[PDB]
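Peer 1: Enclosed is the structure file target-v1.pdb (PDB, C-alpha atoms).
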ATOM      1  CA  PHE B   1       0.000   0.000   0.000  1.00  0.00           C
ATOM      2  CA  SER B   2       1.172   3.519  -0.845  1.00  0.00           C
ATOM      3  CA  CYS B   3      -0.811   6.705  -1.462  1.00  0.00           C
ATOM      4  CA  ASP B   4       0.563   7.652  -4.880  1.00  0.00           C
ATOM      5  CA  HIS B   5      -0.117  11.227  -5.989  1.00  0.00           C
ATOM      6  CA  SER B   6      -0.246  10.020  -9.595  1.00  0.00           C
ATOM      7  CA  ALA B   7      -2.969   7.426  -9.025  1.00  0.00           C
ATOM      8  CA  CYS B   8      -5.103   9.932  -7.119  1.00  0.00           C
ATOM      9  CA  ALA B   9      -4.352  12.754  -9.555  1.00  0.00           C
ATOM     10  CA  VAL B  10      -5.639  10.663 -12.461  1.00  0.00           C
ATOM     11  CA  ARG B  11      -8.512   9.094 -10.525  1.00  0.00           C
ATOM     12  CA  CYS B  12      -9.516  12.662  -9.674  1.00  0.00           C
ATOM     13  CA  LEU B  13      -9.188  14.299 -13.093  1.00  0.00           C
ATOM     14  CA  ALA B  14     -11.114  11.338 -14.504  1.00  0.00           C
ATOM     15  CA  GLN B  15     -13.935  11.822 -11.999  1.00  0.00           C
ATOM     16  CA  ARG B  16     -14.399  15.416 -13.151  1.00  0.00           C
ATOM     17  CA  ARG B  17     -12.485  16.935 -10.235  1.00  0.00           C
ATOM     18  CA  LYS B  18      -9.623  18.591 -12.116  1.00  0.00           C
ATOM     19  CA  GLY B  19      -7.352  16.203 -10.241  1.00  0.00           C
ATOM     20  CA  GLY B  20      -6.490  16.148  -6.557  1.00  0.00           C
ATOM     21  CA  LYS B  21      -3.852  15.158  -4.012  1.00  0.00           C
ATOM     22  CA  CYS B  22      -3.025  12.560  -1.360  1.00  0.00           C
ATOM     23  CA  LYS B  23      -3.165  13.313   2.367  1.00  0.00           C
ATOM     24  CA  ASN B  24      -1.608  10.644   4.587  1.00  0.00           C
ATOM     25  CA  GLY B  25      -3.562   8.095   2.571  1.00  0.00           C
ATOM     26  CA  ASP B  26      -6.728  10.143   2.129  1.00  0.00           C
ATOM     27  CA  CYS B  27      -7.083  10.809  -1.598  1.00  0.00           C
ATOM     28  CA  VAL B  28      -8.649  14.271  -1.782  1.00  0.00           C
ATOM     29  CA  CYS B  29     -10.116  15.469  -5.079  1.00  0.00           C
ATOM     30  CA  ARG B  30     -10.358  19.191  -5.827  1.00  0.00           C
TER
END
Spell out the structure here as structure tokens.

Peer 2:
Amino acid sequence: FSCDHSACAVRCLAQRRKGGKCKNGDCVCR
């Protein structure tokens, strides 16, 4: 397990969230 900024970034931009960022595991989308 490892909160990758890339994975979240893509998973965010793909969910119509203009991407996001990881926070100690919590993938925030903004």

Peer 1: Selected by the PyMOL selection byres ((chain B and resi 25) around 12) in the shown coordinates: which residues, as JSON, numbers by chain?

Peer 2: {"B": [1, 2, 3, 4, 5, 7, 8, 21, 22, 23, 24, 26, 27, 28]}

Peer 1: Keeping C-alpha atoms, export the residues of the selection given above as a PDB file, keeping the file's coordinate frame.

Peer 2:
ATOM      1  CA  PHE B   1       0.000   0.000   0.000  1.00  0.00           C
ATOM      2  CA  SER B   2       1.172   3.519  -0.845  1.00  0.00           C
ATOM      3  CA  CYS B   3      -0.811   6.705  -1.462  1.00  0.00           C
ATOM      4  CA  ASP B   4       0.563   7.652  -4.880  1.00  0.00           C
ATOM      5  CA  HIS B   5      -0.117  11.227  -5.989  1.00  0.00           C
ATOM      6  CA  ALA B   7      -2.969   7.426  -9.025  1.00  0.00           C
ATOM      7  CA  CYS B   8      -5.103   9.932  -7.119  1.00  0.00           C
ATOM      8  CA  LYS B  21      -3.852  15.158  -4.012  1.00  0.00           C
ATOM      9  CA  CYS B  22      -3.025  12.560  -1.360  1.00  0.00           C
ATOM     10  CA  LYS B  23      -3.165  13.313   2.367  1.00  0.00           C
ATOM     11  CA  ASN B  24      -1.608  10.644   4.587  1.00  0.00           C
ATOM     12  CA  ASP B  26      -6.728  10.143   2.129  1.00  0.00           C
ATOM     13  CA  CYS B  27      -7.083  10.809  -1.598  1.00  0.00           C
ATOM     14  CA  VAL B  28      -8.649  14.271  -1.782  1.00  0.00           C
TER      15      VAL B  28
END

Peer 1: For segment 10-16 of chain B, work out the shell of residues within 8 Å, counting all atoms listed in the file and skipping chain neighbours fewer than 3 positions away, then give it as a VMD selection string.

Peer 2: chain B and resid 6 to 7 19 to 20 29 to 30

Peer 1: Around all the atoms of segment 9-18 of chain B listed in the file, draw an axis-aligned box and extend it by 3 Å on each of the six sides; I want its centre and edge lengths in Å to one decimal, as lines of an AutoDock Vina configuration file.

Peer 2:
center_x = -9.4
center_y = 13.8
center_z = -12.0
size_x = 16.0
size_y = 15.5
size_z = 10.9
